[PDB]
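> Pasting in a structure now, in structure tokens, and then I'll have a few things to ask.
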Amino acid sequence: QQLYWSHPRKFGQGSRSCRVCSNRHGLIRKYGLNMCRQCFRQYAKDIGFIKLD
Amino acid sequence: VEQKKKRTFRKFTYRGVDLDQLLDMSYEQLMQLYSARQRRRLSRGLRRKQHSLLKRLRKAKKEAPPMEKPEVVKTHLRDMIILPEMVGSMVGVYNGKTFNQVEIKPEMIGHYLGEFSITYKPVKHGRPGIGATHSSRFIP
Amino acid sequence: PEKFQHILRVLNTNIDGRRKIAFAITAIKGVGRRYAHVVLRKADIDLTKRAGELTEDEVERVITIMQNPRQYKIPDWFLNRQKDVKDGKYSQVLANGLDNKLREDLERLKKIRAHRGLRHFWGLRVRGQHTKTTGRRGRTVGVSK
RNA sequence: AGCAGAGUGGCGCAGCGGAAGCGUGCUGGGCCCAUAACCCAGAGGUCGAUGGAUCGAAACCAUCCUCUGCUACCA
RNA sequence: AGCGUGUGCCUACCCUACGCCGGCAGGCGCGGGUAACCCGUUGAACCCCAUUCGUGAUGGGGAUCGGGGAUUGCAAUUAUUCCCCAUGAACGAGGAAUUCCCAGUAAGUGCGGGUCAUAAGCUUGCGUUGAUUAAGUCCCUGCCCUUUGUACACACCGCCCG
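Residue numbers (the deposited numbering), protein chains in the order written: chain e, 4 to 56; chain R, 4 to 143; chain U, 6 to 150.
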């Protein structure tokens, strides 16, 4: 078949992935996020936060 | 190569030593000649299948007739330090589509391959277009 | 007091006796203010008086301490040039030789015809800089009919 | 040949004893949601030659040449 | 001086005291921190006190540019970033216009977080120093309510005449 399929991803914006579906572009790490800012909003009601200010 | 006085003779020996000494040196003595960025690439790297290039150059240089240069070895690799042993070969270097061929001089040592092949058209102009300012507008 | 002399000529540039010694010397190219406050102290003279108050005996020593800096124990890193390139030594370059040296390195980078010499010859920025909004000499552009 | 004007610093007209004067145009900006109108901003530089006063001369004043305007003949 | 933050997390990675070596960037040896526990009694800047320069495109300004040294990475060229020497430009308070602001507020000044393998002139918060001017009005720009007029309702950026 092939002798390659991959090349070093060890740092950068391609070696971390966000939990929408493996979406990116929307660089995220904060306090152990790995969680997408669009959906973070939809989880304002869900637990982690309730808005108070 | 057809130059004189650029690495031997009166005027210019490569940081106090001729090309002839360099060829007998290992990389170890060679890198200690001041050119800081070079020293990273050797001490870290140590041949990550640059093997493919360096054998073809020596090989083609050998088999080629005397007083004539070889054909070409081609590369998509624009990165590799130009070295004394490489001199006299002819290398085509991929840009985005085009293999621009270059002869290697002893005066190019230390530099990269990719500095001798450009990857854009220098630029011409122009005649400013329409919206090229706060005036372009209207038609009906 | 001290009416003895004022403006004088030294190597390749005319230096006034109006200004303080260190700052006076800086006008000569290849010598900055940082380079001069060293060389005066190796010469073991005041920098707290004017350049017109130096004697001929003193200034004769200055240029010697300047042009052989390694032999008067100014470090190699503190020079303009360390291993010039293709000359094989540590060097210190001064006024009219600086320009001659400079013009060589331009010529060299068009000899090999690297990216550098092309950018030089075209009159465009050598280092990584945008030229889209940087420059102008030019700006008169029109499009109407 | 008599009289008159000029011999650009973008254009056209050439303003006066302080190195572009006037009018206009081109190019850019401003105002306005937008256009017009309106308001601002430009531009390598003895301005045909030979001289004098002068701080200086297209421009203060002469000596010469050339092109034209009006008048008009030598040829 | 304050708001914070920190390895044991994503897949290979943190914040750093102390000792030693180097001008510097940095290297190297050891130790602590799950954190009101260790870094950090956060021994920050402007400010404050004493020398030097002298009205000079000057030592103001640091653009452009040459050479050299380090760090990150698989790779640094069209210079990733950082450091050293040299080079020393525009710029000497800014037209027509225009923005924002009423009390710990404006302005000056530094710091933490965010993105981050390497890297803020950005954004988001925090302290520190701390004024002048107003206590009003519908003039301009715009908005709310009533009354009035309308050939308008795709609603005046409307409609319509020779």
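We put the beta carbon where it would ideally sit given N, CA and C, even for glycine.
Give the secondary structure of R40 of chain R by DSSP, where H, G and I count as helix, E and B as strand, and everything else as coil.
Assignment of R40 of chain R by DSSP, reduced to helix, strand and coil, places it in the helix class.
> Say whether the stretch 99-107 of chain U touches the stretch 26-38 of chain U, bearing in mind that this needs 3 or more beta-carbon pairs closer than 8 Å, one atom from each stretch.
yes
> Counting only Cβ pairs nearer than 8 Å, list the residues of chain R close to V146 of chain U.
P131, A135, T136
> Thinking just about the alpha-carbon of each residue, which of U:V43, U:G133, U:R113, U:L129 is nearest to the one in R141 of chain U?
Cα-wise, what sits closest to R141 of chain U is U:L129.
> Looking at the unbroken beta strand (DSSP E) that takes in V105 of chain R, where does it start and where does it end?
102-106
> What residues in the stretch 12-23 of chain R bring their beta carbon closer than 9 Å to a beta carbon of chain U?
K14, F15, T16, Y17, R18, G19, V20
> For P131 of chain R and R144 of chain U, I'd like the C-alpha separation in whole angstroms.
Cα to Cα, the separation comes out at about 10 Å.
> Could you check what DSSP says for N101 of chain U in three-state terms: helix, strand or coil?
helix
> Determine the chain R residues that contact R118 of chain U at a beta-carbon separation under 8 Å, and present them in chain order.
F119
> Of all the alpha helix (DSSP H) runs that stay within the bounds of the stretch 48-106 of chain U, which reach a length of 4 or more residues?
61-72
> Does DSSP put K25 of chain U in a helix, a strand or coil?
strand
> Using a Cβ-Cβ cut-off of 6 Å (strictly less than) and excluding sequence neighbours within five positions of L26 of chain R, which residues of its own chain qualify?
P87
> How many Å lie between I50 of chain e and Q41 of chain e at the Cα?
16 Å
> Which two residues bound the contiguous alpha helix (DSSP H) that contains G95 of chain R?
Element bounds for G95 of chain R: not the alpha helix (DSSP H) but the beta strand (DSSP E), 93-97.
> In terms of alpha-carbon separation, which member of R:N103, R:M83, R:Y17, R:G99 lies closest to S55 of chain R?
R:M83
> Based on Cα-Cα distance, which residue from U:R55, U:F126, U:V90 lies nearest to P6 of chain U?
For the residues U:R55, U:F126, U:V90, the minimum Cα distance to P6 of chain U belongs to U:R55.
> Okay, do the stretch 40-57 of chain U and the stretch 20-30 of chain U touch, 3+ Cβ pairs below 8 Å being the bar?
A contact between stretches requires three or more CB pairs, one per stretch, nearer than 8 Å, and the stretch 40-57 of chain U meets this requirement with the stretch 20-30 of chain U.
> Would you please verify whether the beta carbon of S139 of chain R is less than 8 Å from any beta carbon of chain U?
yes
> Taking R61 of chain R as part of the alpha helix (DSSP H), name the residues at either end of that continuous run.
Per DSSP, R61 of chain R belongs to the alpha helix (DSSP H) from 54-66.
> So with CB distances below 9 Å, who are the chain R contacts of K88 of chain U?
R18, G19, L36, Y37, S38
> Residues of chain U with CB under 9 Å from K108 of chain R, in chain order?
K116, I117
> My output table needs one value for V43 of chain U: the three-state DSSP class, helix, strand or coil.
helix
> Round the Cβ separation of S92 of chain R and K64 of chain R to the nearest angstrom and send it over; I've been treating them as touching at under 8 Å.
6 Å
> With a 10 Å radius around its C-beta and 16 neighbouring C-beta atoms as the bar for buried, classify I53 of chain e as buried or exposed.
It counts as exposed.
> Residues of chain R with a CB under 8 Å from the CB of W127 of chain U: which are they?
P125
> Got a sec, what are the start and stop residues for the alpha helix (DSSP H) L33 of chain R sits in?
30-34
> Is it right to say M70 of chain R is buried, meaning 16 or more other beta carbons lie within 10 angstroms of its own, or is it exposed?
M70 of chain R comes out exposed.
> Quick check on the burial criterion: 16 or more other C-beta atoms within 10 angstroms. Buried or exposed for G122 of chain U?
buried
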